[PDB]
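Asks: The structure that follows is given in the form of structure tokens.
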Amino acid sequence: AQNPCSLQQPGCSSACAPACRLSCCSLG
């Protein structure tokens with residue numbers, strides 16, 4: 001279970017996936 005959102009947006013919580021919204025990736 002990898003989180004590619006981190007690759008596209010550093011800091012992005014895997015738990016933010018599959019959405020990985022800005023507010024959630026960085027600010028989440």
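Ligands are numbered from 1 in the order shown, chains are lettered A, B, ... in the order of the structure tokens, and residues start at 1 in each chain.
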I want to know what sits within 10 Å of residue 8 (chain A), based on only C-alpha atoms, with residues of the same chain fewer than 4 positions away left out; could you give that as a PyMOL selection string?
Replies: chain A and resi 3-4+12+20+25
Asks: Run DSSP on the backbone and give me the residues of chain A it puts in helix (DSSP H, G or I), as a list in words.
Replies: residues 5, 6, 7, 8, 14, 15, 16, 22, 23, 24 and 25 of chain A
Asks: Find the spatial neighbours of residue 27 (chain A), counting only C-alpha atoms, within a cut-off of 12 Å - ignore same-chain residues fewer than 5 positions away - and output them as a PyMOL selection string.
Replies: chain A and resi 9-13+16+20-22
Asks: The selected residues should be written to file as a PDB file, in the first residue's frame (atoms: N, CA and C atoms).
Replies:
```pdb
ATOM      1  N   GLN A   9       3.029  15.292  -4.504  1.00  0.00           N
ATOM      2  CA  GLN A   9       2.930  16.351  -3.509  1.00  0.00           C
ATOM      3  C   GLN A   9       3.548  15.899  -2.188  1.00  0.00           C
ATOM      4  N   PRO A  10       4.818  16.269  -1.934  1.00  0.00           N
ATOM      5  CA  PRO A  10       5.514  15.887  -0.703  1.00  0.00           C
ATOM      6  C   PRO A  10       4.675  16.135   0.545  1.00  0.00           C
ATOM      7  N   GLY A  11       4.941  15.353   1.584  1.00  0.00           N
ATOM      8  CA  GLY A  11       4.218  15.501   2.841  1.00  0.00           C
ATOM      9  C   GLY A  11       2.822  14.903   2.829  1.00  0.00           C
ATOM     10  N   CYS A  12       2.219  14.770   1.652  1.00  0.00           N
ATOM     11  CA  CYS A  12       0.869  14.231   1.561  1.00  0.00           C
ATOM     12  C   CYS A  12       0.727  12.890   2.248  1.00  0.00           C
ATOM     13  N   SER A  13      -0.122  12.905   3.244  1.00  0.00           N
ATOM     14  CA  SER A  13      -0.480  11.725   4.008  1.00  0.00           C
ATOM     15  C   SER A  13      -1.055  10.647   3.099  1.00  0.00           C
ATOM     16  N   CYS A  16      -4.618  10.320   2.930  1.00  0.00           N
ATOM     17  CA  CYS A  16      -5.358  11.311   2.163  1.00  0.00           C
ATOM     18  C   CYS A  16      -5.790  10.689   0.846  1.00  0.00           C
ATOM     19  N   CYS A  20      -6.224  12.669  -1.914  1.00  0.00           N
ATOM     20  CA  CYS A  20      -5.001  13.397  -1.741  1.00  0.00           C
ATOM     21  C   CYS A  20      -5.163  14.875  -2.096  1.00  0.00           C
ATOM     22  N   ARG A  21      -6.210  15.498  -1.563  1.00  0.00           N
ATOM     23  CA  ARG A  21      -6.475  16.910  -1.825  1.00  0.00           C
ATOM     24  C   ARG A  21      -5.387  17.790  -1.225  1.00  0.00           C
ATOM     25  N   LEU A  22      -5.159  18.930  -1.863  1.00  0.00           N
ATOM     26  CA  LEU A  22      -4.146  19.884  -1.423  1.00  0.00           C
ATOM     27  C   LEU A  22      -4.222  20.106   0.078  1.00  0.00           C
TER      28      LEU A  22
END
```
